[PDB]
Amino acid sequence: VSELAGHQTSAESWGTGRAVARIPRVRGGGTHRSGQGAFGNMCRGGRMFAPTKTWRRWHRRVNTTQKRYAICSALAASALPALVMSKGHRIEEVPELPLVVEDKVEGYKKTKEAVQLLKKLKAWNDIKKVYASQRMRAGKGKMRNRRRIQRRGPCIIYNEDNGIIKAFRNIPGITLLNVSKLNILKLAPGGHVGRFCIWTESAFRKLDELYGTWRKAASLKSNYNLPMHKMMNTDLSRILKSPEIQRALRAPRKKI
Amino acid sequence: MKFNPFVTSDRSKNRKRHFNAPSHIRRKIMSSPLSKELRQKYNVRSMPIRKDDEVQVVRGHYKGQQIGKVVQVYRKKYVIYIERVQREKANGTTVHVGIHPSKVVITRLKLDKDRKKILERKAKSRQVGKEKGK
Amino acid sequence: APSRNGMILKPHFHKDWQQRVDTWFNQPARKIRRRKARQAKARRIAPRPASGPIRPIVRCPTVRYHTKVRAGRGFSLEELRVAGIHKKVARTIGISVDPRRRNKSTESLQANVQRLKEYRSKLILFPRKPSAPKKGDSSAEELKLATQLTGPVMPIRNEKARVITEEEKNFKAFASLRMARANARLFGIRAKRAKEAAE
RNA sequence: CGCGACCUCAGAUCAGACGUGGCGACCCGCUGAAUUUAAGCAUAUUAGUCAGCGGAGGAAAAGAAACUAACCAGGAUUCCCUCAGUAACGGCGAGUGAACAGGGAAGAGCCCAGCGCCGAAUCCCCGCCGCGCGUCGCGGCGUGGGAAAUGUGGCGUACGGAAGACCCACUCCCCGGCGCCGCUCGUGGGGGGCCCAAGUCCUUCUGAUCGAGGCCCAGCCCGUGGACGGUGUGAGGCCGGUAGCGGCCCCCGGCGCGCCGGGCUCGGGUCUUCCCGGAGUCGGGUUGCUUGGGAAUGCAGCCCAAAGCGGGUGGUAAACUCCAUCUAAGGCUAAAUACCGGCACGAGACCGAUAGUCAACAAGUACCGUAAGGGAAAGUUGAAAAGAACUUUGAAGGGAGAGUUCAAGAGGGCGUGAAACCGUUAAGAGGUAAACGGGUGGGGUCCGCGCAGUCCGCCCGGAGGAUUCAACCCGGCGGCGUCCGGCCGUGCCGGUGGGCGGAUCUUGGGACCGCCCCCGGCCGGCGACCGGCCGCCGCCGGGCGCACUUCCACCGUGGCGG
RNA sequence: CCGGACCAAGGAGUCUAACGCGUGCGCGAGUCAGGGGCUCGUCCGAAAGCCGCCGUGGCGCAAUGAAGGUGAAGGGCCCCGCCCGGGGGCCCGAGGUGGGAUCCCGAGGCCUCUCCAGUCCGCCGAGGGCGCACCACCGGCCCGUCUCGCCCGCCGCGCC
RNA sequence: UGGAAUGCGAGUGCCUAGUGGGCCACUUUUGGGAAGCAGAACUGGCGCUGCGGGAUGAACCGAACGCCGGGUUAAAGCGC
RNA sequence: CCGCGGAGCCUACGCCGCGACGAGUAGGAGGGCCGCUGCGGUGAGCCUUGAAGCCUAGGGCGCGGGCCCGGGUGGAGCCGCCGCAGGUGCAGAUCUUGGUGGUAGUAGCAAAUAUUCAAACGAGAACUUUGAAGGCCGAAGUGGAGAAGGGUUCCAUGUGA
RNA sequence: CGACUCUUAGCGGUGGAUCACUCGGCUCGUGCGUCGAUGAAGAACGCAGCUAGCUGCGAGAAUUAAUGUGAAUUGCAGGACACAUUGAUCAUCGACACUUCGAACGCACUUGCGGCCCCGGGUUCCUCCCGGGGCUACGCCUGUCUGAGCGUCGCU
């Protein structure tokens, strides 16, 4: 809010003895404003309680290692079809969830070929659900230049541009991402992992150099390696059903 | 999606410019589509509406296949008046009903040197675009 | 005011600080503006290195930093003279000049001289008039291999095992440091007492 | 005792110019409080801050060491990070509080006075001519005036400079008037103007749609354009636009290349001889303010008042001595930096008419005060005025009809239309003021596909219908498991490896080591890792199976379980 | 006692900085780019990504003294002129005592149709054993300071 | 032979709000003729707490509280 | 094995069993499928065959905060779930702004002697105009003119909001 | 029985909350970064066919010219523009024009009073009257002219 808001008037309290509250009051005469309260959060026309200030902390810094951790977790979840369907990404008839298409797509120039490719990869139902989700936002955001809302579609990861951005630009829901500039805000759209991603083979092969294996450090980032697992086997059922654990057990007490 | 950093997408700014536009900008804002036959003859899709233009109404209460003549272009009100698009007041007199030019189709345009010139400009520009795409 | 254990804090918020608060919301904007200024300058001086003139090697002046070497303001008049470069032609060639720098030692002088000779050999000199060349460079190295340098020109950047001999093995490192500090402290008064004893 | 010259002054509506005032967010020079904190209060703090005064610019100020440092030294100013809440100051209380080094952004250096040499070489004005000519510069001439020896100009300024002698190389320039093209790489460099795609298709909804279905090709059409506005409601394709190193037209430019005219046309080393500096200023005493600066950091008033192998600084006063460092009392200078005023723009996890600027509106307006000054309230008919013609009562306001509209339960302060308060209708009640909690009872409005009350599975009968079932054969798809192969691999050897590193050795190149990947051989395991045989099992389709099997519906006031 | 005639709307622990403790996450004797820079005009994007040949720097990794300054190894086993306590050599690598979750060994028991002689796994287990963290106590080491006392070193023979 | 009885699971660290006007009663007790006055000790209570009884009542007597059905009591009662 | 078959379970932050207990100011903590506004995701969510809002002797849910459905009115937007962020919840503050009651058809329309008859215009007359009576200011006036100050209030015609 | 009073519901009203909307703000950021004696900022008074305020303008006054555009403006009226013998409207804006105060400038702040030089009309070189035009402020710089001085001197 403005620093002058509510404080541009000249107003002093009348003091006690006048059968009125001791709030500051506008001086003078000959208008409705005379004698009215001022300088108070409880007064009409006064300033707010704790006026908002521009030097509020708007920005947060996250550690580089944690930011890289979040990207690795988002990538790993994008390869599990259960997690991607749990995002509502309509991955059926898609041949492989880690979808890899050739590098000719990078050279695409017309939106017609962008649409035809999505139709051939059976990723077009994702765009149709994005079309079905186009509606008007509820609230004041309609007066704040945010009138229309829609859901997210597939993310396309490329290596070289060569016109791929322009070809896929007009299709709603599609987000274009450079493999060397992976953005967590576009891989986990609402903090939720499991966004559908389509990769070019150049971006797919670059991905091992970018984040490294567990035997190799990252080649394109100095001093980085993948996070380690604190639990090698996550299959609780198999671990519990293994004869080693079962042999160490006491008989269960089913009687109620 | 708009990329020009000098073109506004703001609701208030676009509405303000529309609602207190100067008269010559209101002329191009009040453009109407040409007929399919006219779009075939001249390679033009739309022209700004003008007095003594033969149009038909394609939306609203007065929609139909009747052809009428534009008798008034009230640019301040953003409406045009057509010959037969009218109603009766309580008294008995007849008043024209304003129709937005975006809801009419030009079936015959008044032809003069200025109108021929801008018809040729719009066809030349479109033909260049088609050649560039090819 | 104080409540149990804590720190005695003395914040400097007694001076109407809210009128003088520097917010950095224009920080990204001044990075683009600085960047576009660099790119425009590089094009305007296109063949020239766009990183400024060549700076000399300089030693940092304090015990904390005298093991490091950085870039100085300009080559001194003594090293320019030894290299054989006129002080009024160095600026045109691309050599920074610092007329107010001295040369206490010779290794630092020779290091900066050799740096100047390496720059001169690596330099391409375009003729003033392209049609009529004179005492410049050849066509092969001028219009075929001339490129604008990207970073700073000549970037400035910062013992085999042997058998220990009996002499250095029997060396009193701590003892020598202690006597050395005593000798410096007592040097003046030892001489005064010797002079008084002589009298 | 007249006429001259110079000096110091004066007048002029003398010929040409220049200053004033405003704005003031940012900037420079002064002046300068108290509220407040110290739980009192005077020093301190607030604070060199608010108020007051003066002066500018698109930036200002600062600025090329009378510097830092004490190091193996750095090297103009300005800004950012850090130094650092540190050294230091402080009724050593409350509190205050920098700098150097280091990393960055930017980076650029120069000019006099003095000492000298050169016949004042210099400058202003006025004419004339050749010019050139966007609103004014060049060359000459002037037997044209003036300034200037009480000192203009050229050379030259601490990094030394000048003058002679020797040797070397020999000049790579500037300005004005003109043409070339890239017409500045973010596409033209900038400003302005005009343009450039695809449904308003078929059927339906509506007062009106931009709504809902559909549109052979696998999918209506364009998409480098699915930003946003407008349009009777919600629009990629109705319109303006939007995207595009898209098109066309006019104008204004800079940087390069060529033509003419004008000016200048000289350097660099080595040796020898000379020259070399800013005074009522520095410094000292004292007083007052100021600073983190403490036996005085900075500033100023008064008194004293210099020197020249001198002077200043070296964060504790002084004497002696050594060392380091710079060269004050003259001057100019872009960039990086600032910007609550101004001219244009863009955007927003902000507010949504008691909010957000006081001000969404004829708002610094109405109105108030003598004045300095104070300072509001106030948005919304409807898609479209289609804003109610006409009849009738009344003097009219105001009604009753009629009419417009999808709607007047939208009728010009008219979207929706709460509560407080009131009028009327319906129901109920009423002498301990009302109102309340807990129990019931009566009456009333509404509700219950309320008004012959359940529904499932198996079995038992009666009679009806149709057939696959059970098994068997063919085809397809699944599930499971030493049989085989490809992988994923640890470890382990052979390297065409040819790779990355290493504070290992070198005799930059190499050797050595550790890993990384790959190739070949051996070696273990299937689960977010693949196939193929061979079985076993299951499902589906087809055939045969043609009725004591199977299945589907009905009836019994049937029996068992729920 | 004071405020409240009634209704609507507005109306009061917020933001910044600094600390302290607790808790979630990442890395870990390190950790952190936050200031700057590199990547197409930059809808989003004033975002995100990267620097490592930007880690300058901040905090931590060393304390103590006003300062000049100085600055953190313990044990076990053998040998010794000398018997006041110190020297020498190997092996490891912070000592000892009492508690101490957990872990290890374990006499004796429980048993698969029966008896006998075996191989095991498990279970109960008296007793022992190594002992985490932490606590109490006793030793030891660094800095300041005090008392006592005998030595050692040398470009400076020293008020070292 | 775990060296009396009875009962009970203990120990320990950090951070920490409110409070820092009290008042009443049995017993003891100081000043005052005394006071529903002023000042102390111990315990319980009111304050922070409603419930049955004392007609009424901060403190008395009984008893302390989630929403209910049955049964029974406390203190106190049982002419209306 | 003449049957080829055998309920439910286990959102493990889930489900189940057993035992004891339940006062509370100041104050502390936990949970909230309680509520408000905006943002990122998601509901192939809802909506002109009717959104928000408002009213309700209707049907209900929850200990409660509150919520869902029916009906009426309205006419264009709105909500659920996973997270994010607040200018996020009112009975008080002689609170601020606006609106409204009872008082109450009440107090009051009482300073300077005084009005009456008839007519005219007019829808309408105690109050206007004309005429006739009765009275007052009584020349230091309730008269005739100016200065300050006001600024069209002056004059004619018309209206009666 | 009413009346009166209370409660509830329906409907109607003193009222303008809620919801939806927004040519407005606020905040951040970018590029520019320009007033004035050639008369600025700010005031005053005027200007439209009917027009008070806001707005725009200055005696050529809700605008002239020019260029671009290309058929309107509009509340009513009137007449342009024949919509090329080149032009309604709007935008742009480089030409022209720009009343009185105001740093404010002949003196003074009252529509007060001058002076000098010209022009026109009455009379004729009264410049007497009327009208019009140009000058007539302070400080200060270079130059110019006219001067002063028992200032310093020279020739007399």
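In order, the residues displayed for chain C correspond to 2-159, 164-204 in Swiss-Prot numbering, which applies throughout.
Quick reminder: no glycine exception, Cβ is built from N, Cα and C everywhere.
Now, the feature entries from Swiss-Prot:
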MOD_RES   C:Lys16  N6-acetyllysine
MOD_RES   C:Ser52  phosphoserine
MOD_RES   C:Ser77  phosphoserine
MOD_RES   C:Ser106  phosphoserine
CROSSLNK  C:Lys123  SUMO2 cross-link
CROSSLNK  C:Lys145  SUMO2 cross-link
CROSSLNK  C:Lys174  SUMO1 cross-link
CROSSLNK  C:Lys174  SUMO2 cross-link
CROSSLNK  C:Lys177  SUMO2 cross-link
MOD_RES   C:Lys177  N6-acetyllysine
Write down the Cα-Cα distance for C:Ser77 (phosphoserine) and the residue listed as 'SUMO1 cross-link', rounded and given in Å. 44
Spatially closest candidate among C:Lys16, C:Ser52, C:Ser106, C:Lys145, C:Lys177, the listed recorded positions, to C:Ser77 (phosphoserine) (Cα to Cα): C:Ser106
Rounded to a whole number of Å, the separation of the Cα atoms of C:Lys177 (SUMO2 cross-link) and C:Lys145 (SUMO2 cross-link) comes to 64
Cα nearest C:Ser106 (phosphoserine) among recorded positions (C:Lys16, C:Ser52, C:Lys123) -> C:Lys123
Rounding to whole Å, the Cα atoms of C:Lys16 (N6-acetyllysine) and C:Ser52 (phosphoserine) are apart by 43
Counting other Cβ atoms within 10 Å of each residue's Cβ, which of the modified residues C:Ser52, C:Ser77, C:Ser106 comes out lowest? C:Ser106
Expressed to the nearest Å, what is the distance separating C:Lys123 (SUMO2 cross-link) and C:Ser52 (phosphoserine) at their Cα atoms? 16
If you count the other CB atoms within 10 A of the CB of C:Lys145 (SUMO2 cross-link), including all protein chains displayed, you should get 8
Using all protein chains in view, find how many other C-beta atoms are within 10 Å of the C-beta of C:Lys123 (SUMO2 cross-link). 11
Rounded to the nearest Å, what's the C-alpha distance separating C:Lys145 (SUMO2 cross-link) and C:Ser52 (phosphoserine)? Just drop the number here, would you? 22
In three-state DSSP terms, the structure that C:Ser52 (phosphoserine) belongs to: coil
